[PDB]
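S.K.: I'm passing along query-v3.txt; it holds compact mmCIF, C-alpha atoms and all ligand atoms.
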```
# COMPACT_ATOMS: atom_id res chain seq x y z
CA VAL A 60 78.22 107.80 111.04
CA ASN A 61 78.58 106.52 114.60
CA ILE A 62 80.04 108.65 117.36
CA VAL A 63 82.05 106.33 119.61
CA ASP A 64 84.00 106.49 122.87
CA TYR A 65 87.59 105.29 122.54
CA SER A 66 88.73 107.32 125.55
CA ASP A 67 89.82 104.30 127.59
CA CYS A 68 92.38 103.38 124.90
CA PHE A 69 93.74 106.93 125.01
CA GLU A 70 94.59 106.40 128.72
CA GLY A 71 94.14 110.06 129.52
CA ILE A 72 95.78 111.56 126.41
CA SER A 73 93.82 114.21 124.50
CA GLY A 74 93.00 113.18 120.95
CA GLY A 75 90.55 111.58 118.57
CA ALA A 76 90.10 108.74 116.12
CA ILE A 77 88.27 108.05 112.88
CA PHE A 78 87.82 104.67 111.18
CA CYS A 79 85.98 104.39 107.85
CA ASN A 80 84.85 101.33 105.88
CA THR A 81 83.94 102.61 102.42
CA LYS A 82 82.28 99.35 101.33
CA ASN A 83 79.43 99.69 103.84
CA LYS A 84 80.04 103.44 104.47
CA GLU A 85 80.47 102.91 108.24
CA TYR A 86 82.16 106.01 109.74
CA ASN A 87 83.27 105.55 113.39
CA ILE A 88 84.33 108.83 115.02
CA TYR A 89 85.81 109.60 118.44
CA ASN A 90 86.06 113.36 119.16
CA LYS A 91 84.38 114.80 116.06
CA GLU A 92 85.67 118.36 116.59
CA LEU A 93 89.28 117.22 116.58
CA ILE A 94 88.78 114.81 113.64
CA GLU A 95 87.57 117.75 111.52
CA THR A 96 90.45 120.10 112.53
CA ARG A 97 93.30 120.65 110.04
CA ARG A 98 96.86 120.29 111.38
CA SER A 99 100.33 119.78 109.94
CA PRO A 100 100.67 116.16 108.71
CA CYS A 101 104.34 116.00 109.76
CA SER A 102 105.93 112.67 108.84
CA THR A 103 102.61 111.15 107.67
CA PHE A 104 103.20 113.19 104.52
CA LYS A 105 105.77 110.54 103.55
CA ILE A 106 102.83 108.42 102.36
CA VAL A 107 102.12 110.98 99.66
CA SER A 108 105.69 112.12 99.02
CA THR A 109 106.68 108.51 98.30
CA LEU A 110 104.00 108.36 95.60
CA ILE A 111 105.05 111.74 94.17
CA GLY A 112 108.64 110.52 93.94
CA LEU A 113 107.62 107.27 92.23
CA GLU A 114 105.30 109.02 89.77
CA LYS A 115 108.01 111.51 88.79
CA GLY A 116 110.71 108.84 88.50
CA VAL A 117 112.90 110.27 91.26
CA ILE A 118 112.61 106.78 92.80
CA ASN A 119 111.43 103.57 91.19
CA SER A 120 111.25 100.69 93.72
CA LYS A 121 111.47 99.86 97.40
CA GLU A 122 115.24 99.51 96.82
CA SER A 123 115.74 102.99 95.32
CA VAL A 124 118.47 105.19 96.78
CA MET A 125 118.92 108.98 96.95
CA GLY A 126 122.71 109.29 96.83
CA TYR A 127 123.84 109.67 100.46
CA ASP A 128 126.63 112.26 100.65
CA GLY A 129 128.24 111.36 103.99
CA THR A 130 126.65 114.07 106.18
CA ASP A 131 126.73 113.22 109.90
CA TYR A 132 123.39 112.60 111.66
CA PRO A 133 122.56 111.48 115.21
CA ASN A 134 120.34 108.59 114.00
CA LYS A 135 122.81 105.83 113.06
CA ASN A 136 120.53 104.59 110.32
CA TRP A 137 120.40 107.92 108.48
CA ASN A 138 124.20 107.73 107.95
CA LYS A 139 124.06 105.40 104.96
CA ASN A 140 122.82 105.06 101.39
CA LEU A 141 119.51 103.73 102.57
CA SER A 142 116.75 102.32 100.40
CA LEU A 143 113.24 103.74 100.08
CA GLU A 144 111.90 101.03 102.36
CA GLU A 145 114.47 101.84 105.05
CA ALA A 146 114.10 105.62 104.71
CA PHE A 147 110.32 105.26 105.16
CA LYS A 148 110.67 103.05 108.24
CA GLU A 149 113.39 105.25 109.78
CA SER A 150 111.53 108.45 108.76
CA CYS A 151 114.82 109.68 107.26
CA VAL A 152 114.35 113.42 106.79
CA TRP A 153 117.31 114.06 104.46
CA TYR A 154 116.19 111.35 102.02
CA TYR A 155 112.66 112.71 101.76
CA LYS A 156 113.80 116.34 101.60
CA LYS A 157 116.17 115.52 98.75
CA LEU A 158 113.43 113.54 97.01
CA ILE A 159 110.86 116.33 97.17
CA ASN A 160 113.32 119.05 96.18
CA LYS A 161 113.80 117.26 92.85
CA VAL A 162 110.10 117.88 92.03
CA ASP A 163 108.79 121.19 90.69
CA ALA A 164 106.27 123.03 92.83
CA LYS A 165 103.52 123.06 90.19
CA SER A 166 103.61 119.24 89.98
CA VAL A 167 103.28 118.96 93.76
CA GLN A 168 100.52 121.58 93.84
CA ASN A 169 98.51 119.71 91.22
CA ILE A 170 98.93 116.31 92.91
CA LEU A 171 97.83 117.70 96.28
CA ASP A 172 94.87 119.42 94.59
CA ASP A 173 93.89 116.13 92.89
CA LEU A 174 94.10 114.27 96.21
CA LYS A 175 92.19 117.04 98.05
CA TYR A 176 95.06 117.02 100.53
CA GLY A 177 93.75 119.44 103.14
CA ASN A 178 94.51 123.08 102.43
CA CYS A 179 97.00 122.05 99.70
CA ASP A 180 99.14 125.00 100.86
CA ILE A 181 102.78 124.55 99.83
CA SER A 182 103.49 128.29 99.97
CA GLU A 183 106.12 127.82 102.69
CA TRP A 184 108.10 125.24 100.71
CA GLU A 185 111.16 125.62 102.95
CA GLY A 186 109.15 124.91 106.09
CA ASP A 187 109.35 126.41 109.56
CA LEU A 188 112.82 127.92 109.40
CA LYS A 189 112.37 129.80 112.66
CA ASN A 190 112.96 126.51 114.55
CA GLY A 191 116.65 126.67 113.53
CA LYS A 192 116.74 123.27 111.81
CA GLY A 193 117.50 124.69 108.37
CA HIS A 194 117.25 122.16 105.56
CA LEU A 195 115.69 119.54 107.89
CA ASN A 196 112.38 121.41 107.37
CA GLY A 197 109.62 121.55 104.78
CA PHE A 198 106.08 122.65 104.01
CA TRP A 199 104.71 119.41 105.50
CA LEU A 200 106.42 119.82 108.94
CA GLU A 201 104.62 122.32 111.22
CA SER A 202 104.40 124.73 108.32
CA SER A 203 101.91 125.84 105.64
CA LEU A 204 100.35 122.45 104.75
CA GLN A 205 97.49 121.34 106.99
CA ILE A 206 95.10 118.40 106.78
CA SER A 207 92.42 117.07 109.10
CA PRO A 208 92.30 113.44 110.30
CA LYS A 209 89.07 112.99 108.35
CA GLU A 210 90.79 114.26 105.20
CA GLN A 211 93.72 111.92 105.85
CA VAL A 212 91.29 108.97 105.84
CA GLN A 213 89.60 110.23 102.67
CA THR A 214 92.99 110.53 100.96
CA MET A 215 94.12 107.08 102.15
CA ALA A 216 90.89 105.56 100.85
CA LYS A 217 91.20 107.26 97.45
CA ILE A 218 94.78 106.03 97.03
CA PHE A 219 94.39 102.44 98.17
CA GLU A 220 91.00 101.76 96.60
CA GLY A 221 92.51 102.58 93.19
CA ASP A 222 90.68 105.87 92.68
CA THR A 223 93.74 108.03 91.94
CA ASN A 224 95.84 108.10 88.79
CA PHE A 225 98.93 106.75 90.60
CA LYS A 226 100.22 103.53 89.06
CA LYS A 227 99.07 100.32 90.74
CA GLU A 228 102.74 99.24 90.88
CA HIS A 229 103.52 102.36 92.92
CA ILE A 230 100.61 101.95 95.31
CA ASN A 231 101.75 98.37 95.93
CA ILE A 232 105.26 99.61 96.80
CA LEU A 233 103.69 101.98 99.32
CA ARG A 234 101.61 99.17 100.74
CA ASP A 235 104.67 96.98 101.17
CA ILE A 236 106.66 99.61 103.03
CA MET A 237 103.74 100.72 105.24
CA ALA A 238 102.96 97.23 106.54
CA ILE A 239 103.44 96.78 110.27
CA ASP A 240 103.43 93.73 112.51
CA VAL A 241 100.91 93.88 115.35
CA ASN A 242 101.39 90.23 116.48
CA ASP A 243 97.96 89.32 115.11
CA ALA A 244 98.00 87.38 111.85
CA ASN A 245 94.24 87.85 111.37
CA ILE A 246 94.48 91.57 110.63
CA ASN A 247 96.79 93.34 108.20
CA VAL A 248 97.73 96.79 109.51
CA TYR A 249 99.53 99.46 107.47
CA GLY A 250 100.42 102.99 108.54
CA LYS A 251 102.84 105.80 109.27
CA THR A 252 103.52 107.92 112.39
CA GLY A 253 104.14 111.64 112.56
CA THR A 254 105.34 113.96 115.30
CA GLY A 255 105.41 117.73 115.50
CA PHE A 256 104.98 120.47 118.05
CA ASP A 257 102.58 123.34 117.38
CA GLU A 258 104.44 126.34 118.80
CA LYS A 259 101.51 128.72 118.38
CA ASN A 260 99.07 126.58 120.38
CA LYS A 261 101.62 124.76 122.61
CA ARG A 262 100.27 121.33 121.65
CA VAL A 263 101.75 118.29 119.96
CA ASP A 264 100.70 117.02 116.57
CA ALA A 265 101.04 113.26 117.05
CA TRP A 266 99.69 111.01 114.31
CA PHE A 267 99.14 107.45 113.22
CA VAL A 268 97.44 107.20 109.78
CA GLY A 269 96.82 104.06 107.71
CA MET A 270 94.52 101.17 106.99
CA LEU A 271 93.38 97.85 108.39
CA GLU A 272 92.31 94.76 106.44
CA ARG A 273 90.27 92.15 108.31
CA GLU A 274 88.78 89.24 106.31
CA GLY A 275 87.10 91.10 103.44
CA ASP A 276 86.60 94.48 105.10
CA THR A 277 89.06 97.37 104.92
CA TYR A 278 89.04 100.30 107.35
CA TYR A 279 90.92 103.52 106.63
CA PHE A 280 91.92 105.26 109.85
CA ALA A 281 93.55 108.28 111.43
CA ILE A 282 94.43 108.63 115.11
CA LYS A 283 95.55 112.04 116.33
CA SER A 284 96.61 113.58 119.63
CA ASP A 285 96.76 117.32 120.35
CA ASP A 286 97.93 116.91 123.95
CA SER A 287 99.95 119.61 125.62
CA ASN A 288 102.41 117.02 126.98
CA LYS A 289 105.49 117.00 124.71
CA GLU A 290 106.06 113.34 125.62
CA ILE A 291 103.13 112.38 123.37
CA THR A 292 104.70 111.36 120.05
CA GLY A 293 103.65 109.60 116.88
CA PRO A 294 104.93 106.24 118.19
CA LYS A 295 102.85 106.69 121.37
CA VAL A 296 99.74 107.42 119.29
CA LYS A 297 100.47 104.31 117.21
CA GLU A 298 100.34 102.28 120.43
CA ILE A 299 96.94 103.81 121.18
CA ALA A 300 95.80 103.02 117.63
CA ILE A 301 96.86 99.39 117.92
CA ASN A 302 95.00 99.09 121.23
CA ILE A 303 91.88 100.44 119.53
CA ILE A 304 92.28 98.04 116.60
CA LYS A 305 92.73 95.02 118.86
CA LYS A 306 89.80 95.98 121.12
CA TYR A 307 87.21 97.04 118.54
CA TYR A 308 88.32 95.86 115.07
CA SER A 309 89.48 92.27 115.64
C1 LIG O 1 108.09 113.40 111.12
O1 LIG O 1 107.05 113.50 111.77
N1 LIG O 1 109.23 113.59 111.63
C2 LIG O 1 110.42 112.91 111.13
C3 LIG O 1 110.86 111.93 112.21
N2 LIG O 1 109.88 110.81 112.37
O2 LIG O 1 108.92 111.01 113.31
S1 LIG O 1 107.94 109.89 113.69
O3 LIG O 1 108.72 108.78 114.60
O4 LIG O 1 106.81 110.38 114.41
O5 LIG O 1 107.47 109.30 112.46
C4 LIG O 1 111.12 112.69 113.51
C5 LIG O 1 110.00 113.66 113.91
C6 LIG O 1 109.46 114.50 112.76
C7 LIG O 1 110.40 115.63 112.46
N3 LIG O 1 111.01 116.23 113.48
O6 LIG O 1 110.60 115.98 111.32
```
Represent the structure from my file as structure tokens, please.
M.R.:
Amino acid sequence: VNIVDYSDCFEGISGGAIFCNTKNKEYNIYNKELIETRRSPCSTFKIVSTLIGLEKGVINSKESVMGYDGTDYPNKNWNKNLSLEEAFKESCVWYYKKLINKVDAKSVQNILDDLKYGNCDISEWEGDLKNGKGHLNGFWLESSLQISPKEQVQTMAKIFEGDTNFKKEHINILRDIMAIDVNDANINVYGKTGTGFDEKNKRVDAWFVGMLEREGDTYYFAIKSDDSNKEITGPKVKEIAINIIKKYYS
């Protein structure tokens, strides 16, 4: 366990980072207090909800659809019968809400318990209805479910090292749709962003969670901001993460 200083990559934004290589148990931690603090996963939960949907047969492949009903949305790309791969990349809320509402709560509870997914608290299934967004809400979006960045990395590692009961076929689908292009062919990066605002504490929850493969070694990582500036989003934290990866993990 090495405590490290990634502050220059954060360019003044409050946050922390954790990178873990489970082969040689090398844990690299920037801002330990934050890395151990549980927060809503927001859209990073789509990593797990994709696997839940595949395991339960709600979806079956990166092509699978959820029966778009014509509802109007401001994001152009939500207004179509999009595939799993597209819904993941566009973070399409209606697709993932419809997916998860086909699964019984006991099944979700037991999968989260098996994964040790933070507090595993799905008590507020409907989500944070006081924000007015109605059915665009759920337990994983600034609501009952909370997970720390360290726990995110532990979950990512358990999934992608083959240590869960999820089918290998399904984990490979998730790998495919999480892959990102960082304009460096010598590292394979995979991940997912998330963005929320913590009304109680007046701070963002901005995430980039995933893994890095670099010639033999694999690092599971979570980058998290808790800045008070509402301009700090998941995509901004992904930029910070990529800067860290290129500086220290190339
Ligand atoms: C998930 O965090 N969300 C869904 C969507 N994607 O956000 S992301 O670009 O950070 O991945 C919009 C924000 C958020 C939400 N409001 O539900």
S.K.: Ligand LIG 1 (chain O): which residues are within 8 Å, counting all atoms listed in the file? Reply as a PyMOL selection string.
M.R.: chain A and resi 100-103+149-152+195-196+200+251-255+265-266+292-294
S.K.: Using all atoms listed in the file, determine which residues lie at most 6 Å from segment 81-94 of chain A, disregarding the query and same-chain residues fewer than 2 positions distant; provide the list as a CSV table (one decimal) with C-alpha atoms, in the coordinates of the input.
M.R.:
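Final output, saved to out-v9.csv:
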```csv
chain,number,residue,atom,x,y,z
A,60,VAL,CA,78.2,107.8,111.0
A,61,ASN,CA,78.6,106.5,114.6
A,62,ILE,CA,80.0,108.6,117.4
A,63,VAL,CA,82.0,106.3,119.6
A,64,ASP,CA,84.0,106.5,122.9
A,75,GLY,CA,90.6,111.6,118.6
A,76,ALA,CA,90.1,108.7,116.1
A,77,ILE,CA,88.3,108.0,112.9
A,78,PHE,CA,87.8,104.7,111.2
A,79,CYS,CA,86.0,104.4,107.8
A,96,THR,CA,90.4,120.1,112.5
A,208,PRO,CA,92.3,113.4,110.3
A,209,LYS,CA,89.1,113.0,108.4
```
S.K.: Give the answer as one residue: which of A:288, A:241, A:295, A:192 has the shortest atom-to-atom distance to residue 262 of chain A, using all atoms listed in the file?
M.R.: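 Residue with the minimum atom-to-atom distance to residue 262 of chain A: A:288.
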S.K.: Which one is closest to residue 118 of chain A: A:232, A:169, A:273, A:131? Count all atoms listed in the file.
M.R.: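 Residue with the minimum atom-to-atom distance to residue 118 of chain A: A:232.
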S.K.: Using all atoms listed in the file, find the one residue out of A:146, A:271, A:218, A:212 that sits nearest to residue 244 of chain A.
M.R.: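 Among the listed residues, A:271 lies closest to residue 244 of chain A.
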S.K.: With 6 Å added on each side, what axis-aligned box encloses every listed atom of segment 248-256 of chain A? Give the centre and edge lengths in Å to one decimal, as AutoDock Vina command-line options.
M.R.:
```
--center_x 101.6 --center_y 108.6 --center_z 112.8 --size_x 19.7 --size_y 35.7 --size_z 22.6
```
S.K.: Identify, on the basis of all atoms listed in the file, every residue whose closest approach to residue 189 of chain A does not exceed 12 Å; exclude the query and any residue fewer than 5 positions from it along the same chain; express the result as number ranges by chain.
M.R.: A: 183, 194-197, 201-202, 258
S.K.: Could you tell me which of A:205, A:73, A:309, A:211 comes closest to residue 248 of chain A if we count all atoms listed in the file?
M.R.: A:309
S.K.: Taking 6 positions as the minimum chain separation for residues in the same chain, which residues sit within 12 Å of residue 240 of chain A when counting all atoms listed in the file? Answer as a list in words.
M.R.: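 These residues fall inside the cut-off: residues 246, 247, 248, 249, 250, 271, 297 and 301 of chain A.
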S.K.: Residues as selected, C-alpha atoms, written as a compact mmCIF listing (two decimals), in the coordinates of the input, can you do that?
M.R.:
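Heads up, here's the output in part17.txt:
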```
# COMPACT_ATOMS: atom_id res chain seq x y z
CA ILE A 246 94.48 91.57 110.63
CA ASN A 247 96.79 93.34 108.20
CA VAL A 248 97.73 96.79 109.51
CA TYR A 249 99.53 99.46 107.47
CA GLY A 250 100.42 102.99 108.54
CA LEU A 271 93.38 97.85 108.39
CA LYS A 297 100.47 104.31 117.21
CA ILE A 301 96.86 99.39 117.92
```
S.K.: Could you name the residues that touch residue 231 of chain A at 12 Å or less, counting only C-alpha atoms, but leaving out those on the same chain fewer than 3 positions away, as a JSON list (two decimals) with C-alpha atoms, keeping the file's coordinate frame?
M.R.:
```
[["chain", "number", "residue", "atom", "x", "y", "z"],
["A", 106, "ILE", "CA", 102.83, 108.42, 102.36],
["A", 109, "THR", "CA", 106.68, 108.51, 98.30],
["A", 110, "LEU", "CA", 104.00, 108.36, 95.60],
["A", 113, "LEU", "CA", 107.62, 107.27, 92.23],
["A", 119, "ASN", "CA", 111.43, 103.57, 91.19],
["A", 120, "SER", "CA", 111.25, 100.69, 93.72],
["A", 121, "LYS", "CA", 111.47, 99.86, 97.40],
["A", 218, "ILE", "CA", 94.78, 106.03, 97.03],
["A", 219, "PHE", "CA", 94.39, 102.44, 98.17],
["A", 220, "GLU", "CA", 91.00, 101.76, 96.60],
["A", 221, "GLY", "CA", 92.51, 102.58, 93.19],
["A", 225, "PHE", "CA", 98.93, 106.75, 90.60],
["A", 226, "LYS", "CA", 100.22, 103.53, 89.06],
["A", 227, "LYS", "CA", 99.07, 100.32, 90.74],
["A", 228, "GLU", "CA", 102.74, 99.24, 90.88],
["A", 234, "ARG", "CA", 101.61, 99.17, 100.74],
["A", 235, "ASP", "CA", 104.67, 96.98, 101.17],
["A", 236, "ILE", "CA", 106.66, 99.61, 103.03],
["A", 237, "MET", "CA", 103.74, 100.72, 105.24],
["A", 238, "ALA", "CA", 102.96, 97.23, 106.54],
["A", 249, "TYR", "CA", 99.53, 99.46, 107.47]]
```
S.K.: Could you state the separation of atom CA of residue 264 of chain A and atom CA of residue 285 of chain A in Å, given to one decimal place?
M.R.: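 Straight-line distance from atom CA of residue 264 of chain A to atom CA of residue 285 of chain A works out to 5.5 Å.
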S.K.: Please return segment 165-187 of chain A, rebuilt to N, CA, C and O atoms, as a PDB file, keeping the file's coordinate frame.
M.R.:
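The resulting rebuild29.pdb:
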```
ATOM      1  N   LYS A 165     104.808 123.188  90.874  1.00  0.00           N
ATOM      2  CA  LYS A 165     103.520 123.060  90.190  1.00  0.00           C
ATOM      3  C   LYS A 165     103.054 121.603  90.164  1.00  0.00           C
ATOM      4  O   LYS A 165     101.859 121.334  90.341  1.00  0.00           O
ATOM      5  N   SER A 166     103.978 120.654  89.951  1.00  0.00           N
ATOM      6  CA  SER A 166     103.610 119.240  89.980  1.00  0.00           C
ATOM      7  C   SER A 166     103.077 118.837  91.346  1.00  0.00           C
ATOM      8  O   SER A 166     102.099 118.076  91.448  1.00  0.00           O
ATOM      9  N   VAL A 167     103.731 119.304  92.412  1.00  0.00           N
ATOM     10  CA  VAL A 167     103.280 118.960  93.760  1.00  0.00           C
ATOM     11  C   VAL A 167     101.941 119.604  94.029  1.00  0.00           C
ATOM     12  O   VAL A 167     101.022 118.964  94.556  1.00  0.00           O
ATOM     13  N   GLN A 168     101.793 120.881  93.646  1.00  0.00           N
ATOM     14  CA  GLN A 168     100.520 121.580  93.840  1.00  0.00           C
ATOM     15  C   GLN A 168      99.375 120.815  93.200  1.00  0.00           C
ATOM     16  O   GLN A 168      98.316 120.627  93.813  1.00  0.00           O
ATOM     17  N   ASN A 169      99.578 120.362  91.962  1.00  0.00           N
ATOM     18  CA  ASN A 169      98.510 119.710  91.220  1.00  0.00           C
ATOM     19  C   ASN A 169      98.190 118.329  91.788  1.00  0.00           C
ATOM     20  O   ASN A 169      97.023 117.913  91.788  1.00  0.00           O
ATOM     21  N   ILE A 170      99.202 117.603  92.275  1.00  0.00           N
ATOM     22  CA  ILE A 170      98.930 116.310  92.910  1.00  0.00           C
ATOM     23  C   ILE A 170      98.168 116.502  94.216  1.00  0.00           C
ATOM     24  O   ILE A 170      97.215 115.766  94.508  1.00  0.00           O
ATOM     25  N   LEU A 171      98.572 117.472  95.042  1.00  0.00           N
ATOM     26  CA  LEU A 171      97.830 117.700  96.280  1.00  0.00           C
ATOM     27  C   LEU A 171      96.395 118.123  95.972  1.00  0.00           C
ATOM     28  O   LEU A 171      95.452 117.634  96.606  1.00  0.00           O
ATOM     29  N   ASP A 172      96.213 118.999  94.983  1.00  0.00           N
ATOM     30  CA  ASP A 172      94.870 119.420  94.590  1.00  0.00           C
ATOM     31  C   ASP A 172      94.019 118.220  94.161  1.00  0.00           C
ATOM     32  O   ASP A 172      92.852 118.094  94.566  1.00  0.00           O
ATOM     33  N   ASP A 173      94.601 117.324  93.347  1.00  0.00           N
ATOM     34  CA  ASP A 173      93.890 116.130  92.890  1.00  0.00           C
ATOM     35  C   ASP A 173      93.500 115.227  94.048  1.00  0.00           C
ATOM     36  O   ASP A 173      92.424 114.618  94.038  1.00  0.00           O
ATOM     37  N   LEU A 174      94.372 115.104  95.047  1.00  0.00           N
ATOM     38  CA  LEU A 174      94.100 114.270  96.210  1.00  0.00           C
ATOM     39  C   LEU A 174      93.211 114.951  97.235  1.00  0.00           C
ATOM     40  O   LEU A 174      92.830 114.304  98.216  1.00  0.00           O
ATOM     41  N   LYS A 175      92.883 116.233  97.044  1.00  0.00           N
ATOM     42  CA  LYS A 175      92.190 117.040  98.050  1.00  0.00           C
ATOM     43  C   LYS A 175      92.906 116.955  99.394  1.00  0.00           C
ATOM     44  O   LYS A 175      92.323 116.608 100.426  1.00  0.00           O
ATOM     45  N   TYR A 176      94.212 117.226  99.363  1.00  0.00           N
ATOM     46  CA  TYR A 176      95.060 117.020 100.530  1.00  0.00           C
ATOM     47  C   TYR A 176      95.002 118.243 101.441  1.00  0.00           C
ATOM     48  O   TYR A 176      95.887 119.103 101.448  1.00  0.00           O
ATOM     49  N   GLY A 177      93.923 118.317 102.222  1.00  0.00           N
ATOM     50  CA  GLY A 177      93.750 119.440 103.140  1.00  0.00           C
ATOM     51  C   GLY A 177      93.760 120.776 102.423  1.00  0.00           C
ATOM     52  O   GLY A 177      93.124 120.962 101.367  1.00  0.00           O
ATOM     53  N   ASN A 178      94.473 121.741 103.013  1.00  0.00           N
ATOM     54  CA  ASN A 178      94.510 123.080 102.430  1.00  0.00           C
ATOM     55  C   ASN A 178      95.401 123.172 101.205  1.00  0.00           C
ATOM     56  O   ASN A 178      95.395 124.207 100.525  1.00  0.00           O
ATOM     57  N   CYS A 179      96.135 122.102 100.883  1.00  0.00           N
ATOM     58  CA  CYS A 179      97.000 122.050  99.700  1.00  0.00           C
ATOM     59  C   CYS A 179      97.934 123.255  99.627  1.00  0.00           C
ATOM     60  O   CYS A 179      98.235 123.748  98.542  1.00  0.00           O
ATOM     61  N   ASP A 180      98.395 123.737 100.779  1.00  0.00           N
ATOM     62  CA  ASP A 180      99.140 125.000 100.860  1.00  0.00           C
ATOM     63  C   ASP A 180     100.620 124.654 100.970  1.00  0.00           C
ATOM     64  O   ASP A 180     101.096 124.270 102.037  1.00  0.00           O
ATOM     65  N   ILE A 181     101.342 124.789  99.859  1.00  0.00           N
ATOM     66  CA  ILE A 181     102.780 124.550  99.830  1.00  0.00           C
ATOM     67  C   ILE A 181     103.537 125.877  99.753  1.00  0.00           C
ATOM     68  O   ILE A 181     104.697 125.903  99.333  1.00  0.00           O
ATOM     69  N   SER A 182     102.885 126.974 100.153  1.00  0.00           N
ATOM     70  CA  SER A 182     103.490 128.290  99.970  1.00  0.00           C
ATOM     71  C   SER A 182     104.794 128.419 100.737  1.00  0.00           C
ATOM     72  O   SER A 182     105.721 129.098 100.278  1.00  0.00           O
ATOM     73  N   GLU A 183     104.904 127.757 101.886  1.00  0.00           N
ATOM     74  CA  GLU A 183     106.120 127.820 102.690  1.00  0.00           C
ATOM     75  C   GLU A 183     106.937 126.551 102.424  1.00  0.00           C
ATOM     76  O   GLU A 183     107.105 125.685 103.275  1.00  0.00           O
ATOM     77  N   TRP A 184     107.429 126.460 101.179  1.00  0.00           N
ATOM     78  CA  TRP A 184     108.100 125.240 100.710  1.00  0.00           C
ATOM     79  C   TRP A 184     109.222 124.819 101.635  1.00  0.00           C
ATOM     80  O   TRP A 184     109.367 123.634 101.962  1.00  0.00           O
ATOM     81  N   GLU A 185     110.015 125.792 102.071  1.00  0.00           N
ATOM     82  CA  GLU A 185     111.160 125.620 102.950  1.00  0.00           C
ATOM     83  C   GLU A 185     110.791 125.148 104.352  1.00  0.00           C
ATOM     84  O   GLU A 185     111.655 124.655 105.090  1.00  0.00           O
ATOM     85  N   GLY A 186     109.540 125.325 104.762  1.00  0.00           N
ATOM     86  CA  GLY A 186     109.150 124.910 106.090  1.00  0.00           C
ATOM     87  C   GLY A 186     109.380 125.986 107.126  1.00  0.00           C
ATOM     88  O   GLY A 186     109.566 127.176 106.823  1.00  0.00           O
ATOM     89  N   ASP A 187     109.385 125.539 108.381  1.00  0.00           N
ATOM     90  CA  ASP A 187     109.350 126.410 109.560  1.00  0.00           C
ATOM     91  C   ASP A 187     110.772 126.768 109.987  1.00  0.00           C
ATOM     92  O   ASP A 187     111.297 126.293 110.995  1.00  0.00           O
TER      93      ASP A 187
END
```
